[PDB]
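> Got a structure here, written out as structure tokens. Questions coming.
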Amino acid sequence: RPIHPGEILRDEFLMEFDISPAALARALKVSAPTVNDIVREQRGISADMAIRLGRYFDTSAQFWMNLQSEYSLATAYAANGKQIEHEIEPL
Amino acid sequence: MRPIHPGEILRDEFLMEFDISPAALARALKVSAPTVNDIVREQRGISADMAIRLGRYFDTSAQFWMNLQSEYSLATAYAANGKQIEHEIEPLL
Amino acid sequence: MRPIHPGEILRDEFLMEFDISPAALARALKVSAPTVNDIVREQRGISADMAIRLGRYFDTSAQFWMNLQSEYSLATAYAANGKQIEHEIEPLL
Amino acid sequence: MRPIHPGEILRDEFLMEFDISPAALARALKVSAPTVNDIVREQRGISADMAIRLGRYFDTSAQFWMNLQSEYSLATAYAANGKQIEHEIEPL
DNA sequence: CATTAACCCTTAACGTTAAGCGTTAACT
DNA sequence: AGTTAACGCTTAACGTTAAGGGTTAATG
């Protein structure tokens with residue numbers, strides 16, 4: 001239930017089109033470990049990257065961004081979620 | 001029109017709508033006063049641990065705050081390198 | 001004999017023992033802030049240069065550190081595809 | 001102190017002793033011919049992997065290899081940086 | 001008070017640099 | 001054949017700019 005925006009790039013744009021991380025940052029005109037570290041589930045999706053990524057693969061920008069925010073949000077919960085209702089229950 | 005910072009929302013639809021204050025709103029979420037204000041001043045963004053805190057406290061889907069941030073972020077990466085990117089990258093089309 | 005990042009050693013025997021931070025130690029070694037913070041979070045490794053600054057400051061042999069990094073990489077490699085490597089290579093006997 | 005590439009070792013006291021040639025070794029180890037040879041020539045080091053394969057093949061500890069490389073790495077950092085690091089740092 | 005400009009720690013994303021790979025195609 | 005360019009991919013380590021966050025203080 002936390003899916004990295006990475007896994008999605010790899011498991012379906014890279015692999016589908018048989019593009020390498022090295023070749024992708026070459027198209028995106030960003031450096032090599034930029035695209036590689038997002039692929040490895042070690043970096044996230046900046047908004048500069050979701051603009052590049054969406055431009056290339058013909059998708060909306062938010063699509064990457066919302067792939068991110070579900071990853072970031074899943075990860076704040078299950079780290080501190082219940083330790084927050086026991087903190088703020090108000091309205 | 002496009003860039004609108006999630007703070008602008010917290011004032012105008014939640015604080016301004018409930019006669020609530022920042023120092024007041026820090027206390028509820030159980031975080032520091034300078035973090036609620038700096039969002040409200042529009043000099044800081046929504047983190048996920050934040051959006052969970054505002055989500056729970058205003059009976060809001062946490063995905064709504066992060067989306068307010070989601071867009072405001074893209075808005076300003078366009079218009080800062082928007083024309084740059086569109087020139088550097090040709091699609092897979 | 002099992003996989004322990006050297007970073008684990010750094011906080012559990014040194015930082016916590018002498019009440020120092022990542023940020024404070026990095027200033028004392030003359031490296032930038034995440035060069036020490038990343039080792040502590042078990043996300044970067046002890047390079048020779050890092051292993052020599054660590055030696056000096058904490059009056060230890062640099063070998064000490066480079067062997068905590070030796071063990072960590074070995075154990076990482078093995079099982080990642082040890083046995084498998086044992087299952088590809090006859091020795092000379 | 002003095003630096004000694006782990007190649008020197010695998011060559012002098014391993015590959016000369018047992019009449020194995022680099023491109024032979026590469027095979028038994030199931031690794032490409034330029035890794036073993038680039039290690040012999042002293043232009044590449046022993047990765048954590050290589051250690052394990054060389055150690056397996058030669059009935060030694062993968063440690064043994066990494067320690068050779070720990071020490072070639074150290075002696076090379078020192079000297080190239082040794083002094084100014086001791087000078088810009090003060091212990092406790 | 002409630003709000004701020006002070007710092008300080010930690011930490012994400014970026015471009016550089018450079019090291020280990022295998023693949024290929026030379027040479028020796 | 002063995003030895004080795006010379007490609008290209010991956011991936012580690014670094015300084016750096018800059019973000020969120022809680023101290024504290026100054027302010028209003």
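Ordering of the structure tokens sets the chain letters (A, B, ...); residue numbers start at 1 within each chain; ligands are numbered from 1 in the order shown.
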For chain B, work out the contacting residues on chain F at 12 Å, counting only C-alpha atoms (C1' of nucleotides), and write them as a list in words.
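That gives the following set of residues: residues 18, 19, 20, 21, 22, 23 and 24 of chain F.
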> Quick one: chain B onto chain C, least squares on all Cα paired in order, result as a compact mmCIF listing (two decimals) with N, CA, C and O atoms, in the first residue's frame?

# COMPACT_ATOMS: atom_id res chain seq x y z
N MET B 1 23.90 -13.95 13.67
CA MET B 1 23.84 -12.55 13.23
C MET B 1 25.10 -12.06 12.51
O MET B 1 26.22 -12.51 12.79
N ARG B 2 24.91 -11.11 11.58
CA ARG B 2 26.02 -10.79 10.69
C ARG B 2 26.00 -9.35 10.19
O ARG B 2 26.87 -8.56 10.59
N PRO B 3 25.07 -8.93 9.33
CA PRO B 3 25.20 -7.58 8.77
C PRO B 3 24.98 -6.57 9.89
O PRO B 3 23.94 -6.61 10.55
N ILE B 4 25.97 -5.72 10.13
CA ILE B 4 25.81 -4.60 11.04
C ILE B 4 26.63 -3.44 10.48
O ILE B 4 27.85 -3.55 10.35
N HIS B 5 25.96 -2.36 10.15
CA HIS B 5 26.51 -1.27 9.36
C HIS B 5 27.34 -0.34 10.25
O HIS B 5 26.91 -0.03 11.37
N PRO B 6 28.51 0.14 9.80
CA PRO B 6 29.37 0.99 10.66
C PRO B 6 28.70 2.21 11.29
O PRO B 6 29.24 2.80 12.23
N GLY B 7 27.58 2.64 10.72
CA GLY B 7 26.81 3.68 11.34
C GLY B 7 26.35 3.27 12.73
O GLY B 7 26.75 3.88 13.74
N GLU B 8 25.51 2.23 12.79
CA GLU B 8 25.11 1.58 14.03
C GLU B 8 26.20 1.66 15.09
O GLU B 8 25.89 1.80 16.28
N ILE B 9 27.48 1.60 14.70
CA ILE B 9 28.55 1.76 15.69
C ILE B 9 28.74 3.23 16.05
O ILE B 9 28.98 3.55 17.22
N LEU B 10 28.68 4.12 15.06
CA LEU B 10 28.99 5.53 15.32
C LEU B 10 27.96 6.18 16.25
O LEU B 10 28.33 6.98 17.12
N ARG B 11 26.67 5.84 16.09
CA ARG B 11 25.64 6.16 17.08
C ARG B 11 26.06 5.60 18.43
O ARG B 11 26.45 6.34 19.34
N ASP B 12 26.05 4.27 18.52
CA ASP B 12 25.89 3.56 19.78
C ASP B 12 27.15 3.55 20.64
O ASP B 12 27.05 3.30 21.85
N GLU B 13 28.32 3.79 20.06
CA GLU B 13 29.53 3.74 20.85
C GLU B 13 30.30 5.05 20.90
O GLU B 13 31.29 5.14 21.64
N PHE B 14 29.84 6.08 20.19
CA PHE B 14 30.67 7.26 20.01
C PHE B 14 29.83 8.52 20.15
O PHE B 14 30.12 9.40 20.97
N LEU B 15 28.79 8.63 19.34
CA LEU B 15 27.81 9.69 19.53
C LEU B 15 27.03 9.49 20.82
O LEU B 15 27.15 10.28 21.76
N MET B 16 26.26 8.39 20.89
CA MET B 16 25.49 8.06 22.09
C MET B 16 26.34 7.99 23.34
O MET B 16 25.81 8.09 24.45
N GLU B 17 27.65 7.80 23.19
CA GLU B 17 28.57 7.69 24.30
C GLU B 17 29.24 9.02 24.64
O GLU B 17 30.08 9.05 25.55
N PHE B 18 28.99 10.07 23.89
CA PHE B 18 29.69 11.31 24.18
C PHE B 18 28.80 12.49 24.13
O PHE B 18 29.28 13.62 24.13
N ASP B 19 27.50 12.24 23.99
CA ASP B 19 26.46 13.25 23.84
C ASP B 19 26.88 14.14 22.72
O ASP B 19 26.98 15.35 22.87
N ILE B 20 27.14 13.53 21.57
CA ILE B 20 27.58 14.23 20.40
C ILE B 20 26.52 14.10 19.37
O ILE B 20 25.72 13.18 19.38
N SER B 21 26.54 15.03 18.45
CA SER B 21 25.54 14.97 17.39
C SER B 21 26.20 14.86 16.01
O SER B 21 27.42 15.02 15.86
N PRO B 22 25.40 14.57 14.93
CA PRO B 22 25.97 14.50 13.57
C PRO B 22 26.42 15.84 13.02
O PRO B 22 27.57 16.00 12.60
N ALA B 23 25.49 16.79 12.98
CA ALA B 23 25.84 18.17 12.64
C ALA B 23 27.04 18.62 13.47
O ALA B 23 27.94 19.30 12.96
N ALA B 24 27.09 18.21 14.73
CA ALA B 24 28.28 18.44 15.53
C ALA B 24 29.49 17.71 14.94
O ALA B 24 30.58 18.28 14.80
N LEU B 25 29.31 16.44 14.56
CA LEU B 25 30.44 15.61 14.14
C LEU B 25 30.92 15.97 12.74
O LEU B 25 32.11 15.78 12.43
N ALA B 26 30.04 16.49 11.88
CA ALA B 26 30.50 17.00 10.60
C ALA B 26 31.50 18.13 10.80
O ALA B 26 32.60 18.11 10.22
N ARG B 27 31.16 19.11 11.65
CA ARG B 27 32.02 20.27 11.90
C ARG B 27 33.43 19.89 12.32
O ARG B 27 34.40 20.53 11.89
N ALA B 28 33.57 18.88 13.20
CA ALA B 28 34.89 18.51 13.71
C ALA B 28 35.78 17.95 12.60
O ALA B 28 36.94 18.36 12.45
N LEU B 29 35.24 17.00 11.83
CA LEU B 29 35.98 16.32 10.79
C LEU B 29 36.21 17.22 9.59
O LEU B 29 37.03 16.90 8.73
N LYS B 30 35.51 18.35 9.54
CA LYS B 30 35.68 19.34 8.48
C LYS B 30 35.20 18.80 7.12
O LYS B 30 35.87 18.93 6.11
N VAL B 31 33.99 18.21 7.14
CA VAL B 31 33.30 17.65 5.98
C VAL B 31 31.84 18.11 6.05
O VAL B 31 31.44 18.78 7.00
N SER B 32 31.03 17.71 5.07
CA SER B 32 29.68 18.27 5.02
C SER B 32 28.76 17.54 5.99
O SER B 32 28.95 16.36 6.30
N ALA B 33 27.74 18.26 6.45
CA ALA B 33 26.75 17.63 7.32
C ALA B 33 26.06 16.44 6.68
O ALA B 33 25.86 15.43 7.37
N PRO B 34 25.66 16.48 5.40
CA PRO B 34 25.01 15.29 4.82
C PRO B 34 25.90 14.07 4.72
O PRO B 34 25.37 12.96 4.54
N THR B 35 27.22 14.19 4.85
CA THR B 35 27.98 12.94 4.82
C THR B 35 28.02 12.25 6.18
O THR B 35 27.95 11.02 6.23
N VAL B 36 28.15 12.99 7.28
CA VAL B 36 28.12 12.32 8.58
C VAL B 36 26.76 11.70 8.82
O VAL B 36 26.66 10.56 9.24
N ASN B 37 25.69 12.43 8.51
CA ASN B 37 24.36 11.88 8.76
C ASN B 37 24.11 10.61 7.97
O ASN B 37 23.59 9.63 8.52
N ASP B 38 24.47 10.60 6.67
CA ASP B 38 24.11 9.47 5.80
C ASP B 38 24.83 8.19 6.18
O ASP B 38 24.31 7.10 5.94
N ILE B 39 26.03 8.30 6.76
CA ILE B 39 26.63 7.17 7.46
C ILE B 39 25.76 6.76 8.64
O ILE B 39 25.45 5.57 8.83
N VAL B 40 25.36 7.75 9.46
CA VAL B 40 24.65 7.51 10.72
C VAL B 40 23.25 6.99 10.46
O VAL B 40 22.73 6.16 11.21
N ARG B 41 22.60 7.49 9.41
CA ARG B 41 21.32 6.92 9.00
C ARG B 41 21.50 5.49 8.51
O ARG B 41 20.51 4.74 8.45
N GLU B 42 22.74 5.10 8.15
CA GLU B 42 23.07 3.81 7.52
C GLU B 42 22.59 3.76 6.05
O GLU B 42 22.06 2.75 5.59
N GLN B 43 22.80 4.87 5.33
CA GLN B 43 22.59 5.00 3.89
C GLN B 43 23.86 5.39 3.14
O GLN B 43 23.77 5.79 1.97
N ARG B 44 25.02 5.34 3.78
CA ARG B 44 26.31 5.59 3.15
C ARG B 44 27.40 4.91 3.96
O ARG B 44 27.22 4.63 5.14
N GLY B 45 28.52 4.60 3.29
CA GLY B 45 29.58 3.81 3.86
C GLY B 45 30.77 4.66 4.29
O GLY B 45 30.78 5.89 4.22
N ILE B 46 31.80 3.97 4.74
CA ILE B 46 33.03 4.63 5.13
C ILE B 46 33.99 4.59 3.96
O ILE B 46 34.35 3.51 3.49
N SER B 47 34.38 5.76 3.46
CA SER B 47 35.49 5.83 2.52
C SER B 47 36.79 5.90 3.31
O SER B 47 36.80 6.05 4.52
N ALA B 48 37.92 5.77 2.61
CA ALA B 48 39.19 5.81 3.31
C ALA B 48 39.47 7.20 3.82
O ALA B 48 39.86 7.38 4.98
N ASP B 49 39.24 8.21 2.98
CA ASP B 49 39.37 9.57 3.48
C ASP B 49 38.48 9.81 4.69
O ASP B 49 38.86 10.53 5.62
N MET B 50 37.28 9.24 4.71
CA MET B 50 36.51 9.24 5.94
C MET B 50 37.23 8.56 7.10
O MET B 50 37.45 9.18 8.14
N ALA B 51 37.60 7.29 6.94
CA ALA B 51 38.11 6.53 8.08
C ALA B 51 39.38 7.16 8.64
O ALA B 51 39.65 7.09 9.85
N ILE B 52 40.17 7.80 7.79
CA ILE B 52 41.25 8.61 8.34
C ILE B 52 40.68 9.73 9.20
O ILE B 52 41.15 9.96 10.31
N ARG B 53 39.61 10.39 8.74
CA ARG B 53 39.04 11.49 9.52
C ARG B 53 38.44 11.00 10.84
O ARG B 53 38.67 11.62 11.89
N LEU B 54 37.69 9.91 10.82
CA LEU B 54 37.19 9.40 12.10
C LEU B 54 38.33 8.79 12.92
O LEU B 54 38.36 8.89 14.15
N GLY B 55 39.30 8.17 12.25
CA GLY B 55 40.42 7.60 12.97
C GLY B 55 41.14 8.63 13.82
O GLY B 55 41.31 8.45 15.02
N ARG B 56 41.54 9.74 13.19
CA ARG B 56 42.24 10.80 13.91
C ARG B 56 41.36 11.40 14.99
O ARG B 56 41.87 11.73 16.06
N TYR B 57 40.06 11.54 14.72
CA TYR B 57 39.22 12.30 15.65
C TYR B 57 38.78 11.47 16.86
O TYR B 57 38.54 12.03 17.93
N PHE B 58 38.65 10.16 16.72
CA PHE B 58 38.27 9.38 17.89
C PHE B 58 39.43 8.58 18.43
O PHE B 58 39.21 7.54 19.07
N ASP B 59 40.67 9.01 18.17
CA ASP B 59 41.88 8.33 18.63
C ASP B 59 41.85 6.85 18.25
O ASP B 59 42.24 5.98 19.04
N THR B 60 41.38 6.57 17.03
CA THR B 60 41.11 5.23 16.54
C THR B 60 42.07 4.90 15.40
O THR B 60 42.39 5.76 14.57
N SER B 61 42.54 3.64 15.39
CA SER B 61 43.26 3.12 14.24
C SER B 61 42.33 3.17 13.04
O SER B 61 41.28 2.51 13.03
N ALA B 62 42.70 3.97 12.04
CA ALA B 62 41.90 4.04 10.82
C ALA B 62 41.55 2.66 10.30
O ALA B 62 40.47 2.47 9.74
N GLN B 63 42.41 1.67 10.52
CA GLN B 63 42.10 0.31 10.07
C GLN B 63 40.86 -0.27 10.77
O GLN B 63 40.36 -1.31 10.32
N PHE B 64 40.36 0.35 11.84
CA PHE B 64 39.17 -0.16 12.53
C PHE B 64 37.89 0.23 11.83
O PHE B 64 36.94 -0.56 11.80
N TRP B 65 37.83 1.42 11.25
CA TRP B 65 36.62 1.81 10.55
C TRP B 65 36.46 1.02 9.26
O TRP B 65 35.45 0.32 9.06
N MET B 66 37.49 1.08 8.39
CA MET B 66 37.54 0.29 7.16
C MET B 66 37.23 -1.18 7.39
O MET B 66 36.61 -1.82 6.53
N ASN B 67 37.63 -1.74 8.54
CA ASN B 67 37.28 -3.13 8.85
C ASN B 67 35.80 -3.27 9.17
O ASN B 67 35.17 -4.27 8.81
N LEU B 68 35.22 -2.28 9.86
CA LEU B 68 33.77 -2.30 10.07
C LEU B 68 33.06 -2.26 8.73
O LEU B 68 32.11 -3.02 8.51
N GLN B 69 33.54 -1.42 7.81
CA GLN B 69 33.01 -1.43 6.45
C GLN B 69 33.41 -2.72 5.72
O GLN B 69 32.58 -3.31 5.03
N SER B 70 34.68 -3.15 5.86
CA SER B 70 35.15 -4.36 5.17
C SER B 70 34.12 -5.44 5.32
O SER B 70 33.61 -5.98 4.33
N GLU B 71 33.75 -5.73 6.57
CA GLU B 71 32.88 -6.87 6.83
C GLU B 71 31.45 -6.59 6.37
O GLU B 71 30.86 -7.41 5.66
N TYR B 72 30.88 -5.44 6.77
CA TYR B 72 29.50 -5.17 6.40
C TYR B 72 29.31 -5.32 4.90
O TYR B 72 28.26 -5.79 4.44
N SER B 73 30.34 -4.97 4.13
CA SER B 73 30.27 -5.12 2.69
C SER B 73 30.20 -6.59 2.29
O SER B 73 29.31 -6.98 1.53
N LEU B 74 31.15 -7.42 2.78
CA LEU B 74 31.14 -8.85 2.45
C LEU B 74 29.85 -9.50 2.92
O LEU B 74 29.30 -10.38 2.25
N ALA B 75 29.39 -9.11 4.12
CA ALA B 75 28.17 -9.66 4.68
C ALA B 75 27.05 -9.60 3.67
O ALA B 75 26.36 -10.60 3.42
N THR B 76 26.90 -8.46 3.00
CA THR B 76 25.78 -8.26 2.08
C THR B 76 26.08 -8.72 0.64
O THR B 76 25.15 -8.82 -0.17
N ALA B 77 27.33 -9.07 0.29
CA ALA B 77 27.57 -9.72 -1.01
C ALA B 77 27.32 -11.23 -0.93
O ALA B 77 26.72 -11.82 -1.85
N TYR B 78 27.79 -11.87 0.13
CA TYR B 78 27.10 -13.05 0.60
C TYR B 78 25.65 -12.66 0.89
O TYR B 78 25.30 -11.48 0.99
N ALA B 79 24.77 -13.66 0.96
CA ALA B 79 23.36 -13.40 1.23
C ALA B 79 22.68 -12.61 0.12
O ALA B 79 21.45 -12.50 0.10
N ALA B 80 23.45 -12.04 -0.81
CA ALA B 80 22.88 -11.49 -2.04
C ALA B 80 23.29 -12.34 -3.24
O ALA B 80 22.43 -12.72 -4.04
N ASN B 81 24.59 -12.66 -3.37
CA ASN B 81 25.03 -13.70 -4.29
C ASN B 81 25.85 -14.79 -3.60
O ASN B 81 26.53 -15.55 -4.30
N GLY B 82 25.80 -14.91 -2.27
CA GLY B 82 26.59 -15.93 -1.61
C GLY B 82 26.34 -17.34 -2.15
O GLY B 82 27.27 -18.01 -2.60
N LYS B 83 25.08 -17.80 -2.10
CA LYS B 83 24.73 -19.11 -2.65
C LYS B 83 24.97 -19.17 -4.15
O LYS B 83 25.24 -20.25 -4.68
N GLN B 84 24.85 -18.04 -4.85
CA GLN B 84 25.16 -18.04 -6.27
C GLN B 84 26.64 -18.36 -6.50
O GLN B 84 26.97 -19.26 -7.28
N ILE B 85 27.54 -17.64 -5.81
CA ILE B 85 28.97 -17.80 -6.03
C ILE B 85 29.41 -19.21 -5.71
O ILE B 85 30.04 -19.89 -6.53
N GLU B 86 29.04 -19.70 -4.52
CA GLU B 86 29.49 -21.02 -4.07
C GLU B 86 29.13 -22.11 -5.07
O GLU B 86 29.82 -23.13 -5.16
N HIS B 87 28.06 -21.89 -5.85
CA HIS B 87 27.65 -22.85 -6.88
C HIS B 87 28.45 -22.72 -8.17
O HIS B 87 28.74 -23.73 -8.82
N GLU B 88 28.84 -21.49 -8.55
CA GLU B 88 29.52 -21.22 -9.81
C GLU B 88 31.00 -21.60 -9.77
O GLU B 88 31.57 -22.02 -10.79
N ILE B 89 31.64 -21.50 -8.60
CA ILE B 89 33.09 -21.65 -8.46
C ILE B 89 33.40 -22.92 -7.68
O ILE B 89 32.87 -23.13 -6.58
N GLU B 90 34.30 -23.78 -8.26
CA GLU B 90 34.84 -24.90 -7.50
C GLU B 90 36.27 -24.58 -7.08
O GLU B 90 37.02 -24.00 -7.85
N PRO B 91 36.71 -24.90 -5.88
CA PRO B 91 38.03 -24.41 -5.44
C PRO B 91 39.21 -24.93 -6.26
O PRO B 91 39.09 -25.70 -7.22
N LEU B 92 40.39 -24.48 -5.86
CA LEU B 92 41.64 -25.09 -6.27
C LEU B 92 42.04 -25.98 -5.10
O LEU B 92 42.83 -25.60 -4.22
N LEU B 93 41.43 -27.17 -5.05
CA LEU B 93 41.59 -28.07 -3.90
C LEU B 93 41.70 -29.55 -4.31
O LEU B 93 41.77 -29.90 -5.49
> At a cut-off of 10 Å, list the chain F residues touching chain A, using only C-alpha atoms (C1' of nucleotides), as a PyMOL selection string.
chain F and resi 8-11
> Within 12 Å of chain B, which residues belong to chain A? Use only C-alpha atoms and report them as a PyMOL selection string.
chain A and resi 13-14+17+19+24-30+45-91
> Those selected residues, please, written with C-alpha atoms and delivered as a compact mmCIF listing (two decimals), in the first residue's frame.

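File produced: out33.txt:
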# COMPACT_ATOMS: atom_id res chain seq x y z
CA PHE A 13 7.54 2.99 -18.46
CA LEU A 14 11.13 1.94 -18.52
CA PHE A 17 9.52 0.82 -23.63
CA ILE A 19 14.55 2.36 -21.88
CA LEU A 24 16.05 8.38 -19.64
CA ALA A 25 17.96 11.14 -17.87
CA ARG A 26 19.66 11.72 -21.21
CA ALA A 27 16.23 12.50 -22.65
CA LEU A 28 15.07 14.36 -19.56
CA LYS A 29 18.34 16.37 -19.69
CA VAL A 30 19.09 15.61 -16.04
CA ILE A 45 9.69 12.86 -7.52
CA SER A 46 10.48 16.52 -7.48
CA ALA A 47 8.15 18.78 -9.37
CA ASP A 48 10.93 19.60 -11.80
CA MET A 49 11.10 15.85 -12.44
CA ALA A 50 7.35 15.30 -12.80
CA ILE A 51 7.39 18.01 -15.48
CA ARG A 52 10.19 16.26 -17.39
CA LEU A 53 8.73 12.78 -16.79
CA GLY A 54 5.23 13.76 -17.86
CA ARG A 55 6.52 15.66 -20.89
CA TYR A 56 8.44 12.64 -22.21
CA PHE A 57 6.03 9.78 -21.55
CA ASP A 58 3.02 11.92 -22.61
CA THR A 59 1.25 12.03 -19.19
CA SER A 60 -0.07 14.79 -16.99
CA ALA A 61 2.44 16.23 -14.55
CA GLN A 62 0.30 15.70 -11.45
CA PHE A 63 0.18 11.97 -12.23
CA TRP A 64 3.78 11.63 -11.05
CA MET A 65 3.25 14.15 -8.24
CA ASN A 66 0.20 12.26 -7.00
CA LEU A 67 2.12 9.02 -7.33
CA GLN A 68 4.56 10.74 -4.96
CA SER A 69 2.09 12.14 -2.49
CA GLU A 70 0.44 8.78 -1.99
CA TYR A 71 3.94 7.33 -1.33
CA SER A 72 4.90 10.16 1.09
CA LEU A 73 1.49 10.02 2.80
CA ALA A 74 1.45 6.25 3.19
CA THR A 75 4.81 6.59 4.82
CA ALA A 76 3.89 9.25 7.39
CA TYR A 77 1.02 7.09 8.52
CA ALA A 78 2.25 3.67 9.73
CA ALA A 79 5.21 5.62 11.04
CA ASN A 80 3.20 8.01 13.24
CA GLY A 81 -0.49 7.69 12.34
CA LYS A 82 -1.88 6.05 15.50
CA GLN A 83 0.65 8.08 17.46
CA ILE A 84 -1.31 11.07 16.08
CA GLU A 85 -4.93 10.15 16.86
CA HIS A 86 -3.68 9.60 20.39
CA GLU A 87 -2.45 13.23 19.92
CA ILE A 88 -5.21 15.16 18.13
CA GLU A 89 -8.79 13.92 18.14
CA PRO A 90 -10.49 17.34 17.98
CA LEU A 91 -12.67 19.11 15.46
> Based on only C-alpha atoms (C1' of nucleotides), which of the residues in chain E come within 8 Å of chain D? I want them as an NGL selection string.
:E and (19-22)
> Could you dump the residues just selected with C-alpha atoms (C1' of nucleotides) as a compact mmCIF listing (two decimals), in the first residue's frame?

# COMPACT_ATOMS: atom_id res chain seq x y z
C1' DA E 19 34.86 3.22 -9.94
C1' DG E 20 33.17 -1.79 -11.17
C1' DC E 21 30.55 -4.39 -14.46
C1' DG E 22 30.15 -6.59 -19.13
> Return as a ChimeraX atom specification the residues belonging to chain E that are within 12 Å of chain C, counting only C-alpha atoms (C1' of nucleotides).
/E:8-12
> Create the file for the chosen residues now, containing N, CA, C and O atoms (P, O5', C5', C4', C3', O3' and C1' of nucleotides) and written as a CSV table (one decimal), in the first residue's frame.

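The result, stored in out18.csv:
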chain,number,residue,atom,x,y,z
E,8,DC,P,23.8,29.3,15.2
E,8,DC,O5',23.0,27.9,15.2
E,8,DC,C5',22.9,27.1,16.4
E,8,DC,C4',22.2,25.9,16.2
E,8,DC,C3',22.9,24.9,15.3
E,8,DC,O3',23.3,23.7,16.1
E,8,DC,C1',20.7,25.1,14.6
E,9,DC,P,24.0,22.5,15.3
E,9,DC,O5',22.7,21.6,14.9
E,9,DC,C5',22.0,21.0,15.9
E,9,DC,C4',20.9,20.1,15.3
E,9,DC,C3',21.4,18.9,14.5
E,9,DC,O3',20.8,17.8,15.0
E,9,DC,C1',19.9,20.2,13.3
E,10,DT,P,21.3,16.4,14.3
E,10,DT,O5',20.4,16.4,13.0
E,10,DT,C5',19.0,16.3,13.2
E,10,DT,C4',18.3,16.2,11.9
E,10,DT,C3',18.7,15.0,11.1
E,10,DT,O3',17.5,14.4,10.7
E,10,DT,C1',18.6,17.0,9.8
E,11,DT,P,17.6,13.0,9.9
E,11,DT,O5',16.9,13.4,8.5
E,11,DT,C5',16.3,14.6,8.3
E,11,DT,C4',16.0,14.9,6.8
E,11,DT,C3',16.6,13.8,5.9
E,11,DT,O3',15.8,13.6,4.7
E,11,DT,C1',17.7,15.9,5.4
E,12,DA,P,15.9,12.4,3.8
E,12,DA,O5',15.3,13.0,2.5
E,12,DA,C5',14.0,13.6,2.5
E,12,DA,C4',13.8,14.4,1.3
E,12,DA,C3',14.2,13.8,0.0
E,12,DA,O3',13.4,14.3,-1.1
E,12,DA,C1',15.6,15.6,0.4
